[PDB]
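> Next input, structure requested:
(7 chains, ligands or ions: 1)
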Amino acid sequence: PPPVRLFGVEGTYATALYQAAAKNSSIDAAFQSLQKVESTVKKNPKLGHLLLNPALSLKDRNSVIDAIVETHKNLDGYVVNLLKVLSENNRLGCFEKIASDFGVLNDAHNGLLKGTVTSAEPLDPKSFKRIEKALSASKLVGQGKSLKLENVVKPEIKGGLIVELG
Amino acid sequence: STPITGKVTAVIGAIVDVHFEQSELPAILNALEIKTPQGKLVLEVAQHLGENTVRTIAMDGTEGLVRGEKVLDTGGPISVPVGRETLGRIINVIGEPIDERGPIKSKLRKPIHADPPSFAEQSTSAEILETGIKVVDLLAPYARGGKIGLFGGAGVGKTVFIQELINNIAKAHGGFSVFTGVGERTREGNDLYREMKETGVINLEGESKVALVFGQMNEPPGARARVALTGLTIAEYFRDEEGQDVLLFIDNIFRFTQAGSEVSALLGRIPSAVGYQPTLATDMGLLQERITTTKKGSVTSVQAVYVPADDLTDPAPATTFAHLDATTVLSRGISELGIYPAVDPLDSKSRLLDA
Amino acid sequence: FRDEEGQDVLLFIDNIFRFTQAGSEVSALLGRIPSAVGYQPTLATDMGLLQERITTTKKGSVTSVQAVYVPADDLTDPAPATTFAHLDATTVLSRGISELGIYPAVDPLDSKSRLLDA
Amino acid sequence: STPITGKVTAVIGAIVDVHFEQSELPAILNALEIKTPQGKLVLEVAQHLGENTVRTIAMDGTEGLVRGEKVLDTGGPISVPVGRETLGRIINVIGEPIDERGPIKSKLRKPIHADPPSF
Amino acid sequence: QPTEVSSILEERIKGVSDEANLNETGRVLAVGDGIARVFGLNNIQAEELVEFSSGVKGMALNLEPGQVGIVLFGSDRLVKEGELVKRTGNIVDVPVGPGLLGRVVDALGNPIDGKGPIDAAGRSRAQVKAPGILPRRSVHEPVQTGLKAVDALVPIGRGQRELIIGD
Amino acid sequence: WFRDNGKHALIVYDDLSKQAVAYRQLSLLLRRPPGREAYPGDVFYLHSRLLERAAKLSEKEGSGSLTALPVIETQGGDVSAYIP
Amino acid sequence: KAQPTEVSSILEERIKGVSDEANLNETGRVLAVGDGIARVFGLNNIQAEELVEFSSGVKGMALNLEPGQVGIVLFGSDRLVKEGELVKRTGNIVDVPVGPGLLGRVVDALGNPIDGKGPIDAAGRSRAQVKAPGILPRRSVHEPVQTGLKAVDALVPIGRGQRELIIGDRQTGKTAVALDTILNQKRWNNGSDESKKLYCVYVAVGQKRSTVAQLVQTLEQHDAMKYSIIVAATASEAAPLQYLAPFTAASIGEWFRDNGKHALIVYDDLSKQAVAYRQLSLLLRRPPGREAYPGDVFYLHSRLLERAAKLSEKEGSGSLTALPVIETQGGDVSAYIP
Ligand SMILES: [Mg+2]
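Residues are numbered from 1 along each chain as shown, chains lettered A, B, ... in the order given. Below is the structure in question.
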């Protein structure tokens, strides 16, 4: 019973990893190892995302997946299995990573950047999503207010448009 | 050297998918070897599916195949034994003699997929082929290197007409003819083999004037679509080595067309016609462009043509008729009553019947 | 009614073709490759599964009358054409004879039954 | 102002795919310009493909289009000169005169995509 | 757009990534309309009979690298997702011999007439190669159908494949 | 079995158009590429395999024979259809 | 810190030039050789309709461009190209060698000579797909082209720059009338009047190498193999070749048309080219369209024919006379392609 549905379509790998972790343990350890993987990937751009091309034989994909295996086996948990199965499957590995962090975010942090008319970003770290969103919005309107690009209120234009058209 | 090996990944009916290692991927139309308990099944390579996996078309039945079974690459297309050793022998699509008369000890084995002679090598002037039959080379003269269409049937002496053509071409010229039965019924083929054994066309103890490289109907699609190419390559060798006016017989060219439809329209591609392959003109050109007149010799095609639903505008008869040179009509009744050779004098036309 | 009650049954199904029509209807969205004339691939299978359960057994008899709707008045449509083999007595109603004023509209030629024996 | 730069990602015959950044997506049927060597190429946004990618239809030949080429958003649909000035002039789809009689001195350029006048 | 969608269609959906050993056995992924897509059965042969946990029989036609497609010989209701599938080890075969005379059998030789077990002289595979060109003889013996028109104008001989075409 | 044992046997396959329909059902349900009237690509191959097994054997093989009588139900007399 | 460096160093190896040298910008690697169209990865700097080299002598054209891969149509048999093979771009749009040096020469659909008479002296390289002249450069057809047929010259006359159709069933002339036209052009082609001279070009899509060989022999016999150019798209040659050959000859004729000369082009059996493009389309998994043909077959034929026109005096007063040939079924003008 994963906290949030990725609905498959390139997102099944993240859900499978989360289920494998939730079976025993390592909801976090595998996740910081995966974050280290992504950091190593972005550290070398020409060598970290060009290598994820489909035009790559299985042997060289395996050599790459040993390549990320480095720095005192930071690869821990079932992440190694994810790279192993990705070598024999769809190669490039960023969106399922983002799906993994989003799933764990819904699992333990439960934040979302709503506000309807407000074009703000009030991220909240709390599972009880009843009233703390109001506190987050109050903090966001209090301090920060960097852009506040509302891009014209929609109620005014909508009401005017229905008024003139009858 | 080290033989190229692969593993079977998918078996969709007659379609077999094989995965190879990097840099070991065979080109398409190549022959892949697998050792089966029943016999010697090979696979012709079709379009590459990526990830170092190639789609292949089975040359024989696919029963008993196991995923991951070892697949051996021959390094080239299907290779058929060729030469005078093949005369009087019965050869299937894969080159194996199914007449159980022993291995064909031929010093050469050319691939069935060869590029047709270039434009320069083509004959500048069309030439008439002397077939020795009065009704034939007066009203519908046979084009030397042309693709003659035999519009006969059953009971009109099509088999005896073919045998007489073989004998006449082997007498007047070198004429080492070759009979290619696309989609043979294994009963008409057996009967035909028995008759050529009875006549002088096939002589087992001595020399024969024809090779019966035909494919049975019970073979998968592609086998009927490549028996034509096997006999074509045999005739090509005969033309390009002995310099003979080779004569090639197709038992039913429409059967080749429908076999090509089944392999290359319904096994991975999209139909573009009444149901035939989108490449219908293309593979027709590949088959019948290698039948022409070169500097050394000339292979002449006498291909029996069947018209579906008696529809002359049908795109497969339209493609075949787009190049037929001369046509011979062994009519039912109007000609065989009385005249034994038949050959309807009126419907038998020719493009070379000019001054 | 036929088996447990042991009684003669007359199962009147009006335009049984709607079953095959609905099968072909759901087949397209069920991830099924359409068959000829845009029908479900399994049309013969599920249709026969329905039709065979309509039969006379040793426990009872079912005198079923089933109407069949032919699309476009085309008697060669896969559904009625295959339904023909599942049926003992056949009554074909063609539009042509009805157009001549014969209101029963039963075309006397193809209206054939196995009971037509001496 | 601030130009809206898009990158070509797919060229499918007469259809070109353009990728933009966050909050710079042209609407359906907007006109997009690329500075081709032969002049300018106009793209009409046919569909939004998501992930900030738009499926567009070409107003001219797509030969010479390299994936990743800069795409400029005109800010609206294709505008053709209108008025009595266009009378006697020959105009193509884009709106530029093709009668080789100089540019059209039209005061207004109404968009080619307009709603029907209803009832 | 540096990176495009990694996956479009995936056949292997399992996530354990360990302890597969599905050579002589497999597990159902998708069952419906008489087709049971099964993961595993790495040693299955083409159109080889297979056994399901429910007891219904099946014979596998499609051999995709990830999953193998088995067509079900019975109702698909008995087959459910995740059910254990085990190979029969043999191709489809039928009891053959003189005991089948006077008996009505199904597509697998099972007696459906209820007259008792079938006396089998042997078992032959349903898909067997037809006899070659040489082990044949020209059709000469007559098959007397008893129809004046048929036996007179369109005779049928032993070994022929005469087609009864018609509406 | 009869043919290879020296016995002459007749076989009536009867409806093969319905057999072709069943094979077409199997093929489309197996996501195989459809064809003429949605029929499978190798349905002609299927019928050829089925029919070629029925033939007259030589004396060396016991002189047995297998006579086939396939039946095709045409739709409105259309003998030009794919399976026919 | 040094371990990541060693990892990067060993990662740049065992992968070749996919991300180490040339970064598949000008070069590339084949992903999967399709039915007739190879899915090719790389070629980041490629453009649409660009000629490509497959390292095996097979040319290719970029019709399918995707953000990840680029689909290349094969100009020849697909056997010669393998998955993962090295593929590099030619750096230019699909181009055709053009000029007066092709006079008395027969070439393929890509301008490569096929008669084995040495290389061709080309004045320039015109693109295969060239936009047709607009309203102004065209001029109303007023100069006559004499075909030699009484029923065609006296009745239904053809003028220079006109696109006149030839319709026949199977063998009812068609290419024959084109041959009498070609031979009648000899009356003025031997003269010194450039305006009256007509540098003809011939298209041979879907025809036999034997039929084109006899055609060239007959042209040489009548001394017509001196001002006539023949592009040969044999039925053996791949469908993309049969597609390209009409545009090849269109560029050949457009060279004369733009340079003030008058040219005539015979699109012989354009129905065969139509079926070739149909094959190409449903090999691209394109919709079957209307009566098995893709919906853009009309666009194909139209953009092909519109290149033939009579240019005005401002554009050198050149012309390109088109004589397309349609092979019909039962003398039917109501079919799609006719
Ligand atoms: Mg012609």
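
> Look through chain A and state the residue closest to chain E.
Among the residues of chain A, residue A:16 lies closest to chain E, at 2.5 Å counting by C-beta to the nearest C-beta. Quick note: C-beta positions are derived from backbone N, CA and C, even for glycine.

> Find the nearest non-adjacent residue to that residue, please.
Among residues not flanking residue A:16 along the chain, residue E:15 sits closest, at 2.5 Å (C-beta to C-beta, 6 or more residues apart in numbering or on different chains).

> centroid residue for chain B?
residue B:228 (1.4 Å; C-alpha atoms, centre = their mean).

> That residue contacts residue B:250, correct?
Yes - if you go by C-beta atoms under 8 Å, residue B:228 and residue B:250 touch, sitting 6.1 Å apart.

> joint contacts of those two?
B:180, B:182, B:256 (C-beta atoms under 8 Å, 6 or more residues apart in numbering or on different chains).

> Now secondary structure too, for these, in TSV please.
Output for those, formatted as TSV (DSSP: H, G, I helix; E, B strand; the rest coil):
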residue	secondary structure
B:180	strand
B:182	coil
B:256	helix
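
> and which of those residues is nearest to chain G?
residue B:256 (14.6 Å).

> OK, contacts around the closest one?
Contacts of residue B:256 by C-beta under 8 Å, 6+ apart are B:182, B:183, B:224, B:225, B:228, B:250, B:287.

> got a list of what the first one touches?
Put plainly, it is residue B:182. The contact partners of residue B:182, by C-beta under 8 Å, 6+ apart, come to B:214-215, B:224-225, B:227-228, B:250-253, B:255-256, B:259.

> can you pull out the helices in chain A?
A:12-24, A:29-43, A:45-48, A:58-68, A:79-87, A:95-108, A:132-142, A:154-165 (DSSP state H).

> Next: chain E.
Under DSSP H, chain E gives helices at E:148-153.

> need the residues of it near chain G, please.
By the rule C-beta under 8 Å from any C-beta of the partner chain, the part of chain E lying against chain G is E:1, E:4.

> how about the helices of chain A, which one is nearest residue A:3?
Across those, residue A:3 has its closest neighbour in helix A:95-108 (4.4 Å, C-beta to C-beta).

> helices and strands around that closest one, which ones?
On a contact count with 3 or more C-beta pairs under 8 Å, 6 or more residues apart in numbering or on different chains; DSSP states H and E, helix A:95-108 meets helix A:12-24, helix A:29-43.

> thinking again about what came up before, sort out for me which of the contacts of residue B:182 are in strands.
Cross-referencing the contacts of residue B:182 against strands under DSSP state E gives residue B:250.

> Sort out which one of the contacts of residue B:182 lies nearest residue B:269 for me.
residue B:225 (13.0 Å).

> who are the neighbours in contact with whichever residue of the stretch 201-350 of chain B sits closest to chain G?
Across the stretch 201-350 of chain B, the shortest distance to chain G (C-beta to the nearest C-beta) belongs to residue B:285, at 2.6 Å. By C-beta under 8 Å, 6+ apart, the contact list for residue B:285 reads G:206, G:234, G:235, G:236, G:237.

> Could you grab the helix/strand/coil label for residue B:232?
What three-state DSSP gives for residue B:232 is helix.

> I'd like to know how many residues surround it.
For residue B:232, the neighbour count with other C-beta atoms under 10 Å in any protein chain shown is 28.

> Assess the claim that it and residue B:180 are in contact.
Yes - taking contacts as C-beta under 8 Å, residue B:232 lies within contact range of residue B:180: 7.2 Å.

> Next, show the common contact partners of these two.
residue B:248.

> The residue lying closest to residue B:239 once chain neighbours are set aside and the ion: what is the separation?
Spatially, and ignoring its direct neighbours in sequence, residue B:239 is nearest to residue B:297 (3.6 Å; C-beta to C-beta, 6+ apart). According to C-beta to the ion, to the nearest Å, residue B:297 and the ion sit 27 Å apart.

> Can you give me every residue that contacts residue B:297?
So residue B:297 contacts B:238, B:239, B:240, B:242, B:243, B:244, B:245, B:246 (C-beta under 8 Å, 6+ apart).

> What of residue B:290?
B:114, B:116, B:117, B:232, B:236, B:299, G:236.

> how about the residue in chain E that chain A sits nearest to, what does it touch?
Residue nearest to chain A within chain E: residue E:15 (2.5 Å; C-beta to the nearest C-beta). Going by C-beta under 8 Å, 6+ apart, residue E:15 touches A:12, A:13, A:15, A:16, A:17, A:19, A:20.

> do you know how far it is from residue D:30?
Computed as C-beta to C-beta, to the nearest Å, the residue E:15 to residue D:30 distance reads 43 Å.

> Report the buried residues of the helix or strand harbouring residue B:171.
Assessed by DSSP states H and E, residue B:171 sits inside helix B:158-172. Applying a neighbour-count criterion of 16 or more other C-beta atoms under 10 Å in any protein chain shown, the buried positions in helix B:158-172 are B:158, B:159, B:161, B:162, B:163, B:164, B:165, B:166, B:167, B:168, B:169, B:170.

> Just name the closest of these to residue A:87, please.
Looking across these and measuring by C-beta to C-beta, the closest to residue A:87 is residue B:162, at 58.7 Å.

> Excluding sequence neighbours, find me the nearest residue to the closest one.
Per C-beta to C-beta, 6+ apart, closest to residue B:162 is residue B:249, 5.6 Å.

> try residue B:20
Counting by C-beta to C-beta, 6+ apart, residue B:20 lies nearest to residue B:6, which is 4.3 Å off, once chain neighbours are set aside.

> did I read that right, that neighbour in a helix?
No - applying three-state DSSP, one finds residue B:6 to be strand, outside a helix.

> Make sure it is actually in contact with residue B:73.
Yes - assessed by C-beta under 8 Å, residue B:6 is found in contact with residue B:73 at 6.7 Å.

> Need the overlap of contacts for the two.
B:20, B:24, B:32.

> in chain A, which residue is closest to the centre?
Residue closest to the average C-alpha location in chain A (C-alpha atoms, centre = their mean): residue A:98, at 2.8 Å.

> Between all of the buried residues of helix B:158-172, which two are at the greatest distance?
B:158 and B:170 (18.7 Å).

> buried stuff in stretch E:157-167?
E:158, E:159, E:160, E:161, E:162.

> And residue B:6 and residue B:73? Which one has more around it.
residue B:6 (27 against 22).

> Quick check: residues of chain A near chain B?
Residues of chain A lying near chain B (C-beta under 8 Å from any C-beta): A:54, A:57, A:58, A:59, A:60.

> switch to 10 Å and redo it
A:54, A:55, A:56, A:57, A:58, A:59, A:60, A:88, A:89 (C-beta under 10 Å from any C-beta of the partner chain).

> Kindly reformat those residues as CSV containing distance to residue A:73 and neighbour count.
Formatted as CSV, the residues of chain A next to chain B follow (distance: C-beta to C-beta, whole Å; neighbours: other C-beta atoms under 10 Å in any protein chain shown):
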residue, distance to residue A:73, neighbour count
A:54, 28, 18
A:55, 29, 23
A:56, 24, 25
A:57, 26, 19
A:58, 23, 14
A:59, 22, 13
A:60, 22, 19
A:88, 22, 12
A:89, 23, 16
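
> Thank you kindly, that will do.
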